[PDB]
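Protein chains in written order, with the authors' numbering: chain Am, 2 to 115; chain Ad, 41 to 233; chain AL, 82 to 217; chain Ak, 101 to 266; chain At, 86 to 287; chain Xa, 53 to 251.
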RNA sequence: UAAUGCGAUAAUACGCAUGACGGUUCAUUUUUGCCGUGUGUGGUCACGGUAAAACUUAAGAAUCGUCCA
């Protein structure tokens, strides 16, 4: 019962590693050509930012997950992006990824699974 | 808060016993050493006054309550032997890990086992079939035939009168059977050999 | 193609098929401008930006043997025909594909229309030069 | 040449491809001790004419006997050959048997017309491929091996040869 | 010394014409394409010389031998292209007739490491307590794997069985290890020789 | 209904079976130190000494000293920066475990290397090295002025300005300047200390 | 793809750490056999296929072991 594939110009991707969570937004013109990444934010950047001002425990923390979502929201707003489609895979079910997605929806970004 | 929230054995294993085992049995990697994973407590119908292989759950509530007092965590009914039988079980079980596992071991060894008449040592470990992960594990099995030695079943004796016996299993991960015996000795549990 | 998550979803989500490789092989197998014209005529309806970009480099390769004589007539005819596809796909090229288009058409000493060059330059003018990183 | 259409070259449903047994070149496995089946087979299953691979050699012994032609041998023939070899070589000889009759064959009694279904099992057979090695010997000398070869040759319908390990 | 002739680039189907003439196709592996021009070399060797080598050494015994190959022109026998030092690897032989089809050889300098399956030989088998009693020595592994240098390849392994009784087993650990070679694999404690009385229960 | 398993026996290698027919010569401490210093890129420095047999206390000191020279002399990209961070993190941790086995020269070099490198200092590596060298007998018996010069320069950069230690170093530094040994480092240390005294 | 991977509190701040040896798992179409179609007095014929089955020597990658020759 796999559903047919649907092409979308803007998609949101997550890469969950042992140490960090990476989020990217990529624009596509056709499935046969490479995309262009427009946003590239990971918990590594948030950790370097918050640690200077507010001490955090580690990159994989609730404070950094919310910070990553906030930074993603600013970049999309500046580039006039308001709706994205999430690419579902094994890493999409990680607890850290799910926290980031929830924060993005509350901030105002419309994320669609289908 | 006048509550028991710590674990004596937990401190002993990691801060005292672990280094001694390393000296006795050198290994290339730090994590390569004896470890106690879990302890399982089981009560079956054959260890109770009831004489039947399959019994209703309402008849096993008392034994489930007994395990809760002994362990401090709720127990669960065993799965039915077949799909046809649904409301009947064949015993109760409970599994412990971490601090709760260590506390149970401390109380059992220090107070209950010495007061059991026919105790000489725990049997030798048995090696199980490795699972999909390819890890070899050894199990040490023994039983407690006098459950009325705990100081907790005295508040309502008439309720806990039918409690007779219990079975205990311990799972150990180690490189060889000799290492398992070394860990058991460190736990102050004499081994029958 | 693979479904394993990774650090570069941009270059991992690309769809590669056997049919595309079949056409690319035919272009490379062509040994003369006359042969290459027939290959493109057969595949008129099945040409994509990747095929157009590779064809321009093929003209550069084919003219290397004609070291002495000027650009042959069939090469000029091919260059004009390809430019019709460049205009159609002007907004559907990658930075790598645009890179090899200009080299191919420049090697035949051909001049691209100023309006088309402006559109193709948007690859490096848009997105504040992000696409430059993708280029090797 | 391969007999298929253009849609088949691209979207064939035969994902798991197995070479048919009649033309597969893989050597047959060593005989086992499983009981004979009671399921009727088709006549092709008892015949196979493709030659053996060009790397076949002796596996256990120093001497052996091979078949230069294809054939279909019955269970009765194998028993007679086994007794002849055992008697000819010695009691103190090492023998490997690489063949066994396992494919059932049916037959109908006299006075029965054509039709009304397939018959019942009558005996068992085994296919032999050209160049296949049938028996191996050890703890014997070369002259003894030649005597065994000459003893059994009149009892078989196919030409036989000698194989030596070196 | 073996004589080989150069060939043209042809299809598989043209090989039978060489055998009919009296030559066997051969391939020599293990060259550097940058400095030699090919990674492999295709030639043909006369059948008369090929059969003599197999008979003298054996199908598997010859794989532990070093041979010299001289490449000459087929039309002019006096034109010598060069010389090569090689060792046989494998032989393709018809099952029905036992005729050579294809020879695989490896370029084997004197300073290269090669994996060789060396045959096992027995010495003083007649004079043994087990044989006298009525037993026999059974060989379970005719060939054993070794890693040898080009300059030192053991023609065979000599195992002495003069002091073996019934039920005596010789394992890989007990095999001699000549100078310049080492045993391959990890499956030690494997039976190689066994002095017994069983005859397979046939 | 519970099956049991038998662990296969181990396979001990037979004796007199060489582990390799290749030529792998033995390496001593001196050869390893020379190999570590003769490195041009962070990748070569990373692979100059690996394994618990070669990655000893002396190797860790050499890596830190050479890393400082390469960092000062060259500019690196993101990938090489990550390699440098890995080198620093591993070398210090090894030093924190085998510090007591270090020699006088190694400790002097370690202080100098730590001062130059910009990464966060490990737990108390500098303080521990100072304590071992605080007996005041090792600096006096340090025949090689290089070790004394490195120690004096390192402390000046770190701003320790220990009254007792500096008082001992002053006459040694002046003697080295008179003898023309390690003039650059000795002059640098003396100038920095003189500036501190003025301030 | 070192913002990697793995872990026996398993969580990730801490532990192992990217080299080197050893053992496992993955080019003249390697070139022979074999198979398919056409033709055929049953083979002194032609072309193609084997990423369907047997068969060569490498080089690399992924684990694993290891005070390292």
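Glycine residues also receive a C-beta, built at the ideal position from the N, C-alpha and C atoms.
Segment contact, 8 Å Cβ cut-off, at least three pairs: the segment 78-90 of chain Xa with the segment 99-113 of chain Xa = yes
Residue(s) in a DSSP beta bridge with residue 108/At | 131/At
Close Cβ partners of residue 199/Xa (< 8 Å) along its chain, the five nearest in sequence each way excluded = 156, 157, 160 and 161
Could you tell me whether any non-hydrogen atom of the ligand NAP is closer than 7 Å to the CB of residue 245/Ak?
-> The model depicted lacks the ligand NAP and carries no ligand whatsoever.
Element boundaries [alpha helix (DSSP H), containing residue 93/Am] = First-last for residue 93/Am: undefined, no H or E at that position.
Could you check what DSSP says for residue 231/Xa in three-state terms: helix, strand or coil?
-> helix
Report back the beta-carbon spacing between residue 146/Ad and residue 49/Ad to the nearest angstrom; my notes put them in contact at under 8 Å.
-> 5 Å
With residue 226/Ak as the anchor, note down where its beta strand (DSSP E) starts and where it stops.
-> 220-228
Option in 278/At, 144/At, 129/At and 149/At with minimal Cα separation from residue 250/At | 278/At
With a cut-off of 8 Å, does the C-beta of residue 230/At fall near any C-beta of chain Ak?
-> no
Between which two residues does the alpha helix (DSSP H) carrying residue 199/AL extend?
-> 195-201
For residue 68/Xa, which residues in chain At fall below 9 Å Cβ to Cβ?
-> 262
What's the call for residue 119/Ak, buried or exposed, on a 16-neighbour Cβ count within 10 Å?
-> exposed
Of all the options 255/Ak, 155/Ak and 147/Ak, which has the alpha carbon lying nearest to the alpha carbon of residue 202/Ak?
-> 147/Ak
Is residue 65/Am buried or exposed, if buried means 16 or more other CB atoms sit within 10 Å of its CB?
-> buried
Hey, residue 206/Ad and residue 63/Ad: beta-carbon distance below 8 Å or not?
-> no
In its own chain, which residues sit with a C-beta less than 7 Å from the C-beta of residue 222/Ak, not counting the 5 before and 5 after it?
-> 205, 206 and 207
What's the gap between the Cα of residue 113/Am and the Cα of residue 204/AL?
-> 29 Å
Would you check if there are 3 or more beta carbon pairs closer than 8 Å linking the segment 16-23 of chain Am to the segment 182-201 of chain AL?
-> no
Using a Cβ-Cβ distance under 8 Å, would residue 36/Am count as near chain AL?
-> yes
With DSSP as the reference, label residue 186/Ad as helix, strand or coil.
-> coil
How many angstroms separate the CA atom of residue 127/Ak from the CA atom of residue 234/Ak?
-> 13 Å
Cutoff 8 Å: residue 243/Ak Cβ touching any chain At Cβ = no
For residue 142/Ak, three-class secondary structure by DSSP = coil
Can you check whether the CB of residue 156/At is closer than 8 Å to the CB of residue 89/At?
-> yes
Please confirm if the segment 90-104 of chain At is in contact with the segment 167-181 of chain Ak, defined as three or more CB-CB distances below 8 Å between the two stretches.
-> no
Spatial distance of residue 69/Am from residue 174/Xa (CA atoms) = 30 Å
Taking C-alpha atoms, which residue in 221/Ad, 225/Ad, 202/Ad and 223/Ad lies nearest to residue 104/Ad?
-> 202/Ad
Does the distance from the CB of residue 207/At to the CB of residue 244/At come in under 8 Å?
-> yes
Out of curiosity, what's the CA-to-CA distance linking residue 78/Am and residue 36/Am?
-> 20 Å
Bridge-paired residues (DSSP) for residue 125/At = 114/At
Do the segment 188-197 of chain At and the segment 166-175 of chain At touch if we need at least three Cβ pairs shorter than 8 Å?
-> yes
Going by C-alpha distance, which of 92/Xa, 151/Xa and 110/Xa is nearest residue 122/Xa?
-> 92/Xa
Boundaries (first-last residue) of the beta strand (DSSP E) holding residue 38/Am = 37-43
Residues near residue 135/Ad in its chain [Cβ-Cβ closer than 7 Å; skip 5 each side] = 78 and 80
Can you tell me whether residue 108/At is buried or exposed, with buried defined as 16 or more other CB within 10 angstroms of its CB?
-> buried
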